[PDB]
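>>> So I've got this experimental structure, pasted below with the sequence.
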Amino acid sequence: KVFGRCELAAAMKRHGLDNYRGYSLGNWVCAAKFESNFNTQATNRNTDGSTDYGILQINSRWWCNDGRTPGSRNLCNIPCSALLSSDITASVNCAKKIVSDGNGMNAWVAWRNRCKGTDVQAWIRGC
(Lines give C-alpha, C1' and ligand atoms only; values in the text may rest on other atoms or scores of the structure.)
Protein backbone atom coordinates (compact mmCIF):
# COMPACT_ATOMS: atom_id res chain seq x y z
CA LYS A 1 0.00 0.00 0.00
CA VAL A 2 0.87 3.65 -0.44
CA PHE A 3 0.14 5.59 2.70
CA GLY A 4 -0.96 9.15 2.87
CA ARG A 5 1.24 11.41 4.95
CA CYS A 6 -1.00 11.84 8.01
CA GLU A 7 -2.34 8.28 7.68
CA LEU A 8 1.25 7.04 8.08
CA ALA A 9 1.97 9.54 10.83
CA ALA A 10 -0.97 8.18 12.83
CA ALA A 11 0.06 4.56 12.18
CA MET A 12 3.65 5.28 13.26
CA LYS A 13 2.37 7.02 16.41
CA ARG A 14 0.23 3.98 17.23
CA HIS A 15 3.34 1.83 16.75
CA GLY A 16 5.35 3.90 19.25
CA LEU A 17 7.65 5.91 17.02
CA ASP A 18 6.87 9.40 18.32
CA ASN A 19 9.98 10.56 20.21
CA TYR A 20 11.41 6.99 20.13
CA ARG A 21 15.09 7.15 21.15
CA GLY A 22 14.80 10.92 20.91
CA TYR A 23 13.35 11.17 17.42
CA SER A 24 10.08 13.01 16.99
CA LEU A 25 7.37 11.61 14.73
CA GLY A 26 8.19 14.05 11.93
CA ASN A 27 11.64 12.49 11.56
CA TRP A 28 10.07 9.11 10.82
CA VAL A 29 7.50 10.46 8.37
CA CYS A 30 10.16 12.45 6.49
CA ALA A 31 12.32 9.32 6.45
CA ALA A 32 9.54 7.18 4.92
CA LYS A 33 8.72 9.89 2.38
CA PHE A 34 12.26 10.02 1.04
CA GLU A 35 13.09 6.31 1.49
CA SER A 36 9.99 4.70 -0.08
CA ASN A 37 7.63 7.56 -1.02
CA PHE A 38 5.29 5.96 1.55
CA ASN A 39 5.13 2.63 -0.37
CA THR A 40 5.26 -0.46 1.78
CA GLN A 41 6.36 -2.59 -1.19
CA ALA A 42 9.28 -0.40 -2.35
CA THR A 43 12.57 -2.21 -2.95
CA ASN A 44 15.87 -0.93 -4.28
CA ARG A 45 18.99 -2.93 -5.04
CA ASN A 46 22.37 -1.75 -3.79
CA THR A 47 25.78 -2.02 -5.41
CA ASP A 48 27.03 -4.56 -2.85
CA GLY A 49 24.21 -6.92 -3.81
CA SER A 50 22.23 -5.98 -0.71
CA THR A 51 18.71 -4.69 -1.09
CA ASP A 52 16.61 -2.13 0.80
CA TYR A 53 13.08 -3.32 1.68
CA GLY A 54 9.79 -1.69 2.47
CA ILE A 55 8.47 1.57 3.86
CA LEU A 56 11.71 2.33 5.71
CA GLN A 57 14.09 0.74 3.21
CA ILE A 58 15.71 -1.69 5.64
CA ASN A 59 19.01 -2.98 4.19
CA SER A 60 19.78 -6.70 4.00
CA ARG A 61 23.52 -6.18 4.50
CA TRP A 62 22.98 -5.78 8.25
CA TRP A 63 19.34 -5.93 9.31
CA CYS A 64 17.32 -8.67 7.58
CA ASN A 65 17.95 -11.97 5.82
CA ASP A 66 16.95 -12.22 2.18
CA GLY A 67 18.75 -15.48 1.48
CA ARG A 68 20.95 -13.80 -1.14
CA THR A 69 23.08 -11.16 0.66
CA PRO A 70 26.53 -12.40 1.72
CA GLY A 71 27.89 -11.03 4.95
CA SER A 72 24.36 -11.27 6.34
CA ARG A 73 24.04 -10.32 9.99
CA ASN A 74 20.23 -10.22 10.13
CA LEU A 75 20.34 -8.05 13.25
CA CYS A 76 16.52 -7.67 13.18
CA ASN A 77 16.10 -11.48 12.95
CA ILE A 78 13.51 -11.17 10.21
CA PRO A 79 13.26 -12.32 6.58
CA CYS A 80 13.51 -9.24 4.39
CA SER A 81 10.43 -10.48 2.50
CA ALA A 82 8.33 -9.96 5.63
CA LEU A 83 9.05 -6.22 5.53
CA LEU A 84 6.93 -5.82 2.35
CA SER A 85 3.55 -6.08 4.13
CA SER A 86 0.95 -3.31 4.09
CA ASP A 87 0.99 -3.59 7.88
CA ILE A 88 4.00 -1.63 9.15
CA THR A 89 4.65 -3.65 12.34
CA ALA A 90 7.69 -5.64 11.24
CA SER A 91 9.36 -2.59 9.68
CA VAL A 92 8.74 -0.49 12.80
CA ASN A 93 10.14 -3.20 15.06
CA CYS A 94 13.28 -3.37 12.95
CA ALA A 95 13.51 0.42 12.84
CA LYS A 96 13.47 0.52 16.64
CA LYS A 97 16.45 -1.87 16.74
CA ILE A 98 18.34 0.12 14.10
CA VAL A 99 17.99 3.45 15.90
CA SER A 100 19.05 1.83 19.17
CA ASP A 101 22.20 0.28 17.63
CA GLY A 102 24.09 3.40 18.70
CA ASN A 103 24.05 5.87 15.84
CA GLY A 104 20.68 7.58 15.83
CA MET A 105 18.79 7.75 12.56
CA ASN A 106 22.03 8.17 10.62
CA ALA A 107 21.68 4.63 9.22
CA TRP A 108 18.94 5.87 6.89
CA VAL A 109 20.76 7.56 4.02
CA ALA A 110 17.68 9.44 2.82
CA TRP A 111 16.99 10.81 6.31
CA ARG A 112 20.61 11.83 6.89
CA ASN A 113 20.78 13.67 3.56
CA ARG A 114 17.22 14.98 3.14
CA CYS A 115 15.55 15.24 6.58
CA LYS A 116 18.25 15.80 9.22
CA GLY A 117 18.61 19.53 9.77
CA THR A 118 15.15 20.46 8.47
CA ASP A 119 11.92 21.46 10.25
CA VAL A 120 10.75 17.86 10.51
CA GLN A 121 7.57 18.58 12.42
CA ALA A 122 6.19 20.10 9.22
CA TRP A 123 5.68 16.45 8.17
CA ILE A 124 3.03 16.00 10.87
CA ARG A 125 1.59 19.51 10.56
CA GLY A 126 -2.15 19.27 9.94
CA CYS A 127 -2.50 15.67 11.14
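Yep, that arrived. Numbers count the residues shown, from 1 in each chain.

>>> Residue 26 versus the most centrally placed residue in the chain, what's the distance?
By C-alpha atoms, centre = their mean, the mean C-alpha position of the chain lies nearest to residue 56, the distance being 2.2 Å. Distance from residue 56 to residue 26, counting by C-beta to C-beta, to the nearest Å: 15 Å. C-beta: built from backbone N, CA, C; applies to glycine.

>>> ok, now residue 101?
The value you get for residue 101 to residue 26, if C-beta to C-beta is used, is 21 Å.

>>> which one of those two has more residues nearby?
Higher neighbour count among residue 101 and residue 26: residue 26, with 20 against 12, using other C-beta atoms under 10 Å.

>>> What is the burial count for residue 24?
Neighbour count for residue 24, taken as other C-beta under 10 Å: 16.

>>> OK, contacts around it?
18, 120-121 (C-beta atoms under 8 Å, 6 or more residues apart in numbering).

>>> Which residue is the nearest non-sequential neighbour of residue 127?
residue 6 (3.6 Å; C-beta to C-beta, 6 or more residues apart in numbering).

>>> Next, count neighbours for that neighbour.
Neighbour count for residue 6, taken as other C-beta under 10 Å: 14.
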